[PDB]
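Report on one structure; see the data block that follows.
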Amino acid sequence: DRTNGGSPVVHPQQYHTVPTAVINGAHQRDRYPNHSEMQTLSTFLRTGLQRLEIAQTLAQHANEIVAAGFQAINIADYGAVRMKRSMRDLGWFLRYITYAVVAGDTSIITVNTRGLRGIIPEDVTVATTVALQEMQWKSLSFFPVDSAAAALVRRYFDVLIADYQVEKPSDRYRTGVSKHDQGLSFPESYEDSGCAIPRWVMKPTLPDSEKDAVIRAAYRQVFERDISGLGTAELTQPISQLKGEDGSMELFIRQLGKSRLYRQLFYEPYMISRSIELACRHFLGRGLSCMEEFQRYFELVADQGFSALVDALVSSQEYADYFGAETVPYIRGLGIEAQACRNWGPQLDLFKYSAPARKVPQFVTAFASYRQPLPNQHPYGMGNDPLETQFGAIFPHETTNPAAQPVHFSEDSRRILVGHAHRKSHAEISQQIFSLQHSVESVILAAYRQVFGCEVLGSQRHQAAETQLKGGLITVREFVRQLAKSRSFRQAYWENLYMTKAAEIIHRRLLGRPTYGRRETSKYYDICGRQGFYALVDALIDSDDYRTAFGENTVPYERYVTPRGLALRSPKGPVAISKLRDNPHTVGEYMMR
Amino acid sequence: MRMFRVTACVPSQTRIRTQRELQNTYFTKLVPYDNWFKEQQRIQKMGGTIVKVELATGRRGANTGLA
Amino acid sequence: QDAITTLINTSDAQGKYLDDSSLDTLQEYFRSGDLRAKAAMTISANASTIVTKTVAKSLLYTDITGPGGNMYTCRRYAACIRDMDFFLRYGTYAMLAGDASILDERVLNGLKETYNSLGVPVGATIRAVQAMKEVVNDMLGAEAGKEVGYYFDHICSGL
Amino acid sequence: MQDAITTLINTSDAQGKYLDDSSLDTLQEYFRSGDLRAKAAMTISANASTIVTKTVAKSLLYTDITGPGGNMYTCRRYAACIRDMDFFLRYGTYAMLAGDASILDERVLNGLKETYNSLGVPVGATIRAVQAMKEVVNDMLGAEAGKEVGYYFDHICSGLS
Amino acid sequence: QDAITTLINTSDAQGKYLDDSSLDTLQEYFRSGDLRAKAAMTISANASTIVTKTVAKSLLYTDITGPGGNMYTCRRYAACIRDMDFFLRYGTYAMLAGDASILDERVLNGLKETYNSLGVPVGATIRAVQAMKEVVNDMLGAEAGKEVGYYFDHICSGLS
Amino acid sequence: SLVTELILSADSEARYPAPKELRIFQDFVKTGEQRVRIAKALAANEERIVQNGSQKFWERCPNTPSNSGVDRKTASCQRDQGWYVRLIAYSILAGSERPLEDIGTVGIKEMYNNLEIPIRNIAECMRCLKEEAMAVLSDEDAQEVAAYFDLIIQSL
Amino acid sequence: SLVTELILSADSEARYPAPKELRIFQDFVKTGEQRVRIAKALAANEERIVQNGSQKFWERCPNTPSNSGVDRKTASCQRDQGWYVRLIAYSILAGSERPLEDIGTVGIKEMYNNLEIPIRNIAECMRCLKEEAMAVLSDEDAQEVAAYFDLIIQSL
Amino acid sequence: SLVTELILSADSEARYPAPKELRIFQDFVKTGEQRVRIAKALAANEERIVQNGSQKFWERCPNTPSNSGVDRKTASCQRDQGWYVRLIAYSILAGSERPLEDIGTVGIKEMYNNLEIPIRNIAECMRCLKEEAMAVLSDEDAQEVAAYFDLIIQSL
Ligand SMILES: *[C@@H](C)[C@H]1/C(=C/c2[nH]c(/C=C3N=C(/C=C4\NC(=O)C(CC)=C4C)C(C)=C\3CCC(=O)O)c(CCC(=O)O)c2C)NC(=O)[C@@H]1C
Ligand SMILES: *[C@H](C)[C@H]1/C(=C/c2[nH]c(/C=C3N=C(/C=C4\NC(=O)C(CC)=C4C)C(C)=C\3CCC(=O)O)c(CCC(=O)O)c2C)NC(=O)[C@@H]1C
Ligand SMILES: *[C@H](C)[C@H]1/C(=C/c2[nH]c(/C=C3N=C(/C=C4\NC(=O)C(CC)=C4C)C(C)=C\3CCC(=O)O)c(CCC(=O)O)c2C)NC(=O)[C@@H]1C
Ligand SMILES: *[C@H](C)[C@H]1/C(=C/c2[nH]c(/C=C3N=C(/C=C4\NC(=O)C(CC)=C4C)C(C)=C\3CCC(=O)O)c(CCC(=O)O)c2C)NC(=O)[C@@H]1C
Ligand SMILES: *[C@H](C)[C@H]1/C(=C/c2[nH]c(/C=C3N=C(/C=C4\NC(=O)C(CC)=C4C)C(C)=C\3CCC(=O)O)c(CCC(=O)O)c2C)NC(=O)[C@@H]1C
Ligand SMILES: *[C@H](C)[C@H]1/C(=C/c2[nH]c(/C=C3N=C(/C=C4\NC(=O)C(CC)=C4C)C(C)=C\3CCC(=O)O)c(CCC(=O)O)c2C)NC(=O)[C@@H]1C
Ligand SMILES: *[C@H](C)[C@H]1/C(=C/c2[nH]c(/C=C3N=C(/C=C4\NC(=O)C(CC)=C4C)C(C)=C\3CCC(=O)O)c(CCC(=O)O)c2C)NC(=O)[C@@H]1C
Ligand SMILES: *[C@H](C)[C@H]1/C(=C/c2[nH]c(/C=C3N=C(/C=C4\NC(=O)C(CC)=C4C)C(C)=C\3CCC(=O)O)c(CCC(=O)O)c2C)NC(=O)[C@@H]1C
Ligand SMILES: CCC1=C(C)/C(=C/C2=NC(=C\c3[nH]c(/C=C4\NC(=O)C(C)=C4CC)c(C)c3CCC(=O)O)/C(CCC(=O)O)=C2C)NC1=O
Ligand SMILES: [Cl-]
C-alpha cells in the first residue's frame, strides 16, 4: 500500500555491563582500551569470583528471600492478581539484583527501577520499600557481614532502594524544529539504557592532548574517520586558530565542511541530494526529518553551492540548540534522543558507517514515494527486475551500489506491463514469432535466440533434440523445454543467480513477459524451492500461459515488458507525447516588438 | 576574508539541559562576514544579549579586496 | 553486547535466575578473562607491527599492489592498512567482550556492501585476516591466538 | 586536566630532573589520601540530589531571590539553578578525586563570572550557595574529608568572587 | 588586498580611473612580477631547510629551548616551527601580492594577544623572524631578499 | 583579482604557490601590457562608448526609465553605463572579475528592483555597450572585455 | 588534473566557469604540446634516470634497505623510483599534481612506514631523481619537472 | 596520568566516576610503592643506562650524527636519552604515557626532522635504552618500563 523505507537490524541496549561500557567508551573514542580501562576489565574479572558466588547464593535462597519479603496488606482485600504481581515484582527485584551482581553494574537496576515509584500504585510504596529493606536485611543475614562482599550486596540493595525512591523523572523531549518536524518524547529509562556517547567540548584552557582528542572527534564526526594520522589533515591554520582562545568548534566545523577534503569525500562522488543527506549526518548528527527540510536544502544548494549548505546547517537554530558553540556534533541515534519513525530506515542506513557506500539518495526517494502510489516493480524489490536486453541475466546487486527501494505489494496486486500487441501492428510482431521462418533450421536457431538471447556455441548445442525435431519426433514446445533443461541454460540462468531472480529471468525467457504479482512469483519460487530447476522449467513450459500464447509449435517470443524497458528502448524520448512548439514566441524577444 | 569578533551570551528558554546537554552560552567567536547577519539573527531569535561586536579582519569602506 | 549481556538476555528471556550451566559459562569467561586482557594489552602495544607483518606475508608482491591492483595508488594502500587496523582492534573488542556482537554490529554489517561497492577483493581481505590470525598466534601463544582467531574467523565469516 | 601527580611531574619536568624527595613526599600524601578521596567521591555521587536539596534549602529558599521577580522564580530558572548546583557538586568531586583544582579553573571558573553577569545570575547568591553546599558536605562526610572537599569548594567560590 | 587591489580601491574612493602615477605603481608591480615569481619558487623549494637553519641559528642552544623554556617539550618545538613556517609562507604570499595586507589580515591581528596569553616570548620570536630574513637574504641575494625582508620587517613590527 | 585568488587558493590547503599558480602569475604579468592598453583605451573613449550604447539601446528598447522624458533619469543611466565600463576596466586591470563582482554585480538584482528598473532592460543595455566595445577594440581586447560584459549580463 | 579543479571550483558555488578560469583553460591548452614533449622525454630516458638516481642515492646514503644486499629490495626501490617519475609525467600532462597526489602522496607515509623504510631516505632519493631530471632536461622543462619533484619532497 | 584520564572519562558524558573507576583509583593507589621504587631505580642508575645505550647504539648504527666527531652533538644526544628515560620514569609515576606523550611523543617527528637526525636512528637508540633497562630492572619492572619504551617505538 505504501513504499518501504527499509527495516534495518537494530540492537537496542537494555542496560550496560562492565565490559560493554568499557568497550563502548574505547570504541566511541576510536582507540584500543588504555591501561585504566584495562584495569577496569581485569579488576571486574578479578571480582567475578565473588560476584558469581553472590549470585549463586542469592539464586539458591531466592524462595526464602521472597517468602520473608507500615500496614501489612491483606491477601483477600488486595486481590489475587495484585498479590500475584506483588510476589512477581519481589522475585523480579531479587533476580535483577543478581543480574547486576554478575554484570558488575547497577545500570540494569537503575534503568529498570528509577521510574517505578508510580508504576507500582504508590499507595504501597511504603510497603514496597519495607519489603526491599527486609530483603536487604535477609540477604545480608545469610551472607556474613564483617568485611566481605556483604558490603557489596548492601550497596547494590541500597542502590535499588535509592532508584525506587526517585519520584517522577521528566521524559526527555526532542522538540520539533519546524512546522514540518514532529516533536518527540523520550523516557529517561530509554535515555539511561542508551550507549554513553562522549560529549567533546573544547574550552580555550584545555590541555593539548584533550584539544587533540576533540579535534580527532571532530574528524570522526565530519570526515567519518580519523584523518589526523594522514597528511591530508594538514589544516594547520584552522587547527591553530581553533586551539587558542578564538576560532571555536562551530567555526572549525564550518572550516572542515568547506574544505576540499570534505568535497572529495562526500560531495565529489555524489549527486546533490545524497550529498545533502550526508551533510545532514556530518553537521547535525541526524538525517533528513521531512521532505520540506530537503526542499529548503536543495533550493539553497541550487542557487548558492554546497558550501552555503554547510554554512546554513552549522548556522541553523538546531545546531546551536544541540551543539551550541564549542560542542562537537555527535550522532543522534536510538538512545541518544527520541527517534522518529518517519526516517527510520534511511537514518539507520545513514548512521551506519556504510552510508557512503550508497549513491542513490535514500531520504528523498523514501519521503517522496511515500506520498505516491505503488511503483512498477517486481514484488520482491527492484533487484529482482532484470535488464530488458536481448540476452543476459543482469540484476541490480544488493551490495554493489545499493539502489534499493523496498515496496510491499499485496498477493493479488498485478504489475502493469507494456505489451507489444496493442502497440505496433500485425505483420510487425509476426516477424518475431517463428512458428513450426518456415525452415526447420531457422526455428531451431530462433528457439536458441529465445532460450539464450544470442546464438550459442557448438558445445551448448542440444544436438539430440535437433535430430528429434528434424525427424518430427518432438514438436517445438518439447525442443524449447529441452533447451531450457540443458546444462548451459542452467549455468546461464539458474546457478549464478538469486533464486527468485533466476525464476523471474527464466519466466521472461520462456514466457516472453515479466511476472504480474506475488501469485505467479510465489508459485514459481515455491516450485523451484521444494522441487528444483527442471521442475520449474517443466511447470513454466506446461504453464497455461505458454499454451495460450505459444501453443505447441511456436517458439516463445517477447510479448510484454516493464515500462522501464521501453524507457530504455527510447533514449530520445517517446514518439509524440504532446505537439511540439517549433518556432515559438517568448516574451522579451517578442516585446522588442 | 573579513571577520567579526563577537562576544555574546545566548540563554536557553525552551529546554532544560539535564547534565550533559549543558554546553556554555558566553562565547567569543570569530564570525565570517557572510554569516554574521544570520548568526546575529539566530542568537537574537534564541534571546541572546550581544555585548561586543568588532571587525576582527578587514577594514571599513572596502570597495574590493575584503574577502 | 558482551558474553554477560547475552547470558543475562537468555536468562531474562526465559525469566529465571542464572542457571548452573549459565553460571558455568560465565565461569569460563571470567577465569579466562585475565589471559584475554593480557592478549588485549599486547595486541594494543603491537598492533602496528602485526599489520606490517600481515601485509608483508599475505598482501605484498601479489599483483594487487601492482598497477591496476586494488592496493595500488598509495591512498588505497593507506585505506587497506586502516581496514586491517580496524579488523585487529574490533576483533580485540570482541575478544574482551567474549561475544561477536560488536563485530556483527560495527564491522560485518556494512562491510560486504562497502567492499562490493568499492571493488575491494573479498578473498584478499580474508587471506589478510587469516594471516593476522597466524601472526597474532605466533606472537601470542596457541591459546590466546586461538581465542582471538575465533573472532578473526567471525570477521572472515561475515566476508 | 591536571591532577596532583601531573602537577608534581610538571614542575619537575619544567625544572629538568626526576622527582626529588619533597615531590615524592607530596606524592606520598596524595597516594595515602586516595582511599578517603575515593570513599568521599562514592558518598557524594550517591547523595547528590540530597546535597543539592539541603543546600538550596539552607541558603536559597525562603528569600526574595526565589520570589516574584527573583532569579529562581519561573520554574525553568529554578531547575536551571538545580542543574548548576549539581554541576558544581560533580566538578568539586572531580577536583577532590584528582587532588587538583585545575579542572575547575579550565572547565568551571573559566568565564563563569562573566557568563552569570551576562545572564543576571546573582554571583553572591550562588557563592553563598556553594558555601552552604560545603557545609552540607562537611556535615554528612566528616571533618577531615569534608575539609578536603571544602578546599575545592573554596576554590570554586574564590574563582566566582 | 594586493597592490592592484589597493590601487583600484584608492581610485574607487576618489571615484576616477587610475592616473599616470598609479599606472607607474602598477607598471612597477608588473615588472617586479617575474622576479617575485622566481623568489616564490625558491621559497617553496627550500622552506623546511630555511626553517631548519633559522631555528638552528637563532633559537637553539639558548635556555629558551631547554626545560622551563617555551620551546621545551616536543609539541612546543613543533608549534614553534609551525609558526615559523607560517611566517615564511605568509611573507611569501605578501611578496607575491606586493602588499602586507595579507599579514595585517591573517597573521598580525590577534597574534600578539595570543602570544602574550600563552606566555610565548615575543622577543625571541622577532629574533627568529629576522634570522629568517637573513637566511632568505643569503640564499636568494640582495634584491629579492630585500623585497621579502621588507615584509619580514612588517611582521617584526606587527609582533612588536 | 588573480593574485588574491591565487594566494587564497594556496592558503586553503595551507601551502605555497603550486607549479600552476606561479605560471598563471607570469601569464598575468606578461599580459599586463595588453591589459593596461585596454584600460587606457576604455578610459579614453568611455564618453562615446556610453553615448553610442545609449543610442543603440534607445533605438532597441525605448520603454525604459532611461528615456521616459526625465533628464535626471537619463543622466543617471549614462552615469551607470560609465560606471560599469569603468568596473570592466578595473576587471581587466586586476586580471579577474572581482572588482566587477564586489562593486557592480553581486547585489545587482535586489538594488535595481528597489530602484524599480526592469532588469532585462539593463541586460539589453549592457549588451549594447558590449557590442560598442567590440566596435572600438581589437580582437583580443574585445574578447577580454566581452568576458566581463557577459559577467554583467549573467548577473542580471 | 587542473581542469578538474577548475570545474570543481565552478561547482560547489553553483556557478558557471568564469572567463578567468576559461583563460586558465586556454593557457593550459596551448602549453599542452610542451607538456606532451616533456612526458615523452621522461618516458624516453626513465631507465637512465632511475639508474643514475639510484647510483647517487647509494653514494649519498648506503644505510638504506635498497642496498642491504637483497636484490628484491633493490628491484622494489628501482620500481618505486620509476613509478614516481611516471607519476610526475602524469602531473605534467594533467597540468596539476593531483594525479601525483592521488596515486602516490596521499597515504604515502602510512604505506612507507608499514614497509619499514625511512621517510627521509625516500625523500633524499627523490632529491637525487630531481637532480637527474635537472641534468637531462631543458631549463623550462627542468623547472616544471623539479616543481612536482619538490611536491613529493614536501609530501615526505 | 591515570587519575586525569579517569576524571576525563567520567567527564564528557556528565556522570560521576563509576565504582569501577574508583576501584582503579584505589588500586593504582596500592600500586604506588612499586612505582616509586621504579622511579627511584631509573633515577639512580640513569647515567650508566645512557652510557651503555650509547655504547650499543654506536656499535649497531654508526652512521649517526652523534658519532660524526662533534662532542657537542654527542652530548646533546646523551641529554636527549637521559630526558627520555626521565619521561618514562615520569610515566611510571603517573601510571600512563600521558607525561611521555605530552612532553616527548606528540611533535617528535616534526622536531627531529627540523633537527635533521634520522628517525630510525632515534628508534635504534631507544631500543638500546630499552634493552639496558631490561638488563638493570627485574622482570615486572622490566615490563612496566618496556611498555612506555614500546610507546616511544610507535611514535618514531
Ligand atoms: C506498545 C505500544 C507496544 C510496544 C512499544 C515499544 N516501542 C518501542 C520503541 C519505539 N517506538 C517508537 C515509536 C514512534 N516514533 C514516532 O515518531 C512515532 C509517531 C509519533 C512512533 C509511534 C520508536 C521510534 C521507538 C524507538 C525508540 C525511541 O524511543 O525512539 C519500544 C522499545 C524497543 C526496545 O526494545 O528498545 C517498545 C517496548 N511494545 C510492546 O510490547 C507493545 C506491543
Ligand atoms: C523539469 C525539466 C521537469 C520537472 C521537474 C521537477 N523536479 C522536481 C523535484 C526535484 N528534482 C530533483 C532533482 C535533482 N537532484 C539532484 O541532486 C540533481 C542535481 C544534478 C537534480 C536534477 C530533486 C531532488 C527534487 C526534489 C526537490 C525539489 O522539489 O526541488 C519537481 C517537483 C516535484 C514535487 O513533487 O514537488 C519538478 C516539477 N517536472 C516536469 O514536469 C518537467 C518535465
Ligand atoms: C568485447 C569487445 C569486450 C568484452 C566483452 C564481454 N562481454 C561479456 C558478456 C556479456 N556481454 C553481454 C552483452 C550484450 N547483451 C545484449 O543484449 C547486447 C545488445 C544490447 C549486448 C552487447 C551480455 C548480456 C553478457 C553476459 C551474458 C553472455 O556472456 O552472453 C563477457 C563475459 C564476462 C563474464 O564474466 O561473463 C565479456 C568478456 N570484454 C572485453 O574485454 C572487451 C572490451
Ligand atoms: C586492505 C587489506 C584491503 C582493502 C581495503 C580498502 N578499504 C577501502 C575503503 C574503505 N574501507 C572501509 C571500511 C571500514 N571503515 C570503518 O570505519 C570500518 C570499521 C568500523 C570499516 C570496516 C570504508 C568505509 C572505506 C571507504 C573509504 C575509506 O577509505 O574510509 C579501500 C579504498 C577503496 C576505494 O576505492 O576508495 C581499500 C583499498 N582493499 C584490498 O584490496 C585489501 C584486501
Ligand atoms: C543556582 C545556584 C543560581 C542560579 C542559576 C541559574 N543559572 C542559569 C543559567 C545558566 N547557567 C549556566 C551554567 C553553566 N554552563 C556551563 O558550561 C558551566 C561551566 C562553565 C556552568 C556552571 C548556563 C550556561 C546558563 C544558561 C543556559 C542554561 O540555562 O543552560 C539561570 C537562568 C538565567 C537566565 O535565564 O537568564 C539561573 C537562574 N540563579 C540563582 O539565583 C542561583 C543562586
Ligand atoms: C617559535 C618561533 C616561538 C614559539 C612558538 C609557539 N607558538 C605556540 C602556539 C600558537 N602559535 C599560534 C600562532 C598562529 N596560529 C595561526 O593560525 C597563525 C597563522 C597566521 C599563527 C601565527 C597560535 C594561535 C598558537 C596557539 C594555538 C596553537 O597551538 O597553534 C606555542 C605553544 C604554546 C603552548 O603552551 O601551547 C609555541 C611554543 N615559542 C618560542 O619560544 C618561539 C619564540
Ligand atoms: C627506493 C627509492 C626506496 C626503497 C624501496 C622499497 N619499496 C619496497 C616495496 C614496495 N614499494 C611499494 C610502493 C608503491 N606501490 C604503489 O602502488 C605506489 C604508488 C605508485 C607505491 C609508491 C609497495 C606497495 C611495496 C611492496 C611490494 C609490492 O609491490 O607488493 C621495498 C621492499 C620492502 C620490504 O620489506 O620488502 C623497498 C626496499 N628502499 C629504500 O631503501 C629506498 C629509500
Ligand atoms: C640521540 C638519541 C640522537 C641524536 C640527538 C641530537 N639532538 C640534538 C639536539 C637537540 N635535541 C633536542 C631535543 C628535545 N628537546 C625537548 O624538549 C625534547 C623532549 C624531552 C626533546 C626530544 C633539542 C631541542 C635539541 C636542540 C639543541 C639542544 O641541545 O637543546 C643534536 C644536535 C643537533 C645539531 O647538530 O645541532 C643531536 C645530535 N643524534 C643521534 O645521532 C641520535 C639518534
Ligand atoms: C511559580 C513557580 C514557582 C513555584 C511553584 C515555586 C515553588 C516553591 N514552593 C516552595 C515550597 C513549598 N511548597 C509546598 C507545597 C505543597 N505541600 C504539599 O505537600 C503539597 C500537596 C503542596 C502543593 C505544591 C510546601 C509545603 C512548601 C514548603 C517549602 C519547602 O518544603 O521547602 C518553595 C520554597 C521557597 C519559598 O517558599 O520561598 C518554592 C521555590 N516557586 C516558584 O518559583
Ligand atoms: Cl561494583
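Chains as they are written, first to last, in PDB author numbering: chain K, 3 to 71, 149 to 515, 539 to 695; chain S, 1 to 67; chain L, 2 to 160; chain B, 1 to 161; chain F, 2 to 161; chain E, 2 to 157; chain G, 2 to 157; chain A, 2 to 157.
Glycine included, each C-beta is placed from N, C-alpha and C at the ideal position.
beta-carbon residue i near ligand 4 non-hydrogen atom, thresh 8 Å
i	result
K/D428	no
Per-residue DSSP class, three states only, for residue i
i	result
F/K39	helix
K/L263	strand
K/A506	coil
K/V689	coil
L/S158	helix
Proximity of residue i and residue j at Cβ, strictly below 9 Å
i	j	result
K/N463	K/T602	yes
F/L160	F/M133	no
A/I25	K/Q41	yes
G/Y17	G/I89	no
Opening and closing residue of the beta strand (DSSP E) in which residue i lies
i	result
S/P32	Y26 to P32
S/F4	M3 to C9
Buried versus exposed, by CB contacts within 10 Å (16 or more), residue i
i	result
G/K110	buried
B/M72	buried
Proximity test, residue i beta-carbon vs ligand 8 heavy atom, cut-off 8 Å
i	result
A/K74	yes
Check: residue i C-beta below 8 Å from any heavy atom of ligand 6
i	result
B/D13	no
Residue i CB to nearest heavy atom of ligand 9 below 8 Å
i	result
B/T63	yes
B/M72	yes
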